[PDB]
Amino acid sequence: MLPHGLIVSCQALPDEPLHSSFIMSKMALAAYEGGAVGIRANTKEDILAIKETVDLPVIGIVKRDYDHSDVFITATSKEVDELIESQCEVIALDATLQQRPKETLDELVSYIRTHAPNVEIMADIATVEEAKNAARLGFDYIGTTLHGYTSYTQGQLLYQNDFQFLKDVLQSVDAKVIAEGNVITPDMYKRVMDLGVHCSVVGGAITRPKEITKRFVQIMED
């Protein structure tokens, strides 16, 4: 299971500066040396390289675009199969009811419980009712990952109104909740932990130097 603490997302998609399974394994080692107690990573090859380098538990995804779908976080059984091969401890997937290329959300959950009974699953959601649906499906973790990143949650950000969206998710499910997406500062990490999340996932504030540089430069442009 994932401990209570800081999970660091070590991702760099194609054309991002640090894109490389090797570089993400070194970002994961850096995060481990700083006190991370889990890693979130994208693709079997990045997961495998990270697991060569740290024993941390890993939340695995495969981000892969499909024609005729807006679902890109572990969209089909093809991505699930790669993640079962990677032997990541947790498989995370988009848990919205948007149109998928192949299997439905219920079919993917069933598929993982059948082909990988020892792996926990994490639901990446954007709404409270998507969080409630994920808890009913038996997800082990429910993450705020897609809040503001679907066409129906545009302009919304996790920290708005003293984390009101997160408070609503925490009130609506008894499953372990993960604060993920837009946990930008240590102050925000402390706030979401004090509100009662199981753990928090921090990517851009630790492992995306372009995004941290932008927050420095932006303080001078206001």
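Don't overthink the numbering: it's just position in the shown sequence, from 1.
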**OP:** Using only the Cα atoms and their B-factors as the entry lists them, report which of 202-210 and 9-17 averages higher.
**Re:** 9-17
**OP:** For the higher mean C-alpha B factor in the entry, choose 150-158 or 182-190.
**Re:** 150-158
Original post:
Between 49, 173, 59, 31, which carries the biggest CA temperature factor in the record?
Top reply: 173
Original post:
For the listed 97, 83, 75, 123, which has the peak Cα B-factor recorded in the PDB entry?
Top reply: 97
Subject >> Modelled-residue ranking by C-alpha temperature factor, third containing residue 64 >> reply: highest
Subject >> Chain thirds of CA B-factor: placement of residue 91 >> reply: lowest
Subject >> residue 133 - which third its CA temperature factor falls in, relative to the rest of the chain >> reply: middle
Original post:
Against its chain's modelled residues, does residue 53's Cα B factor rank lowest, middle or highest third?
Top reply: highest
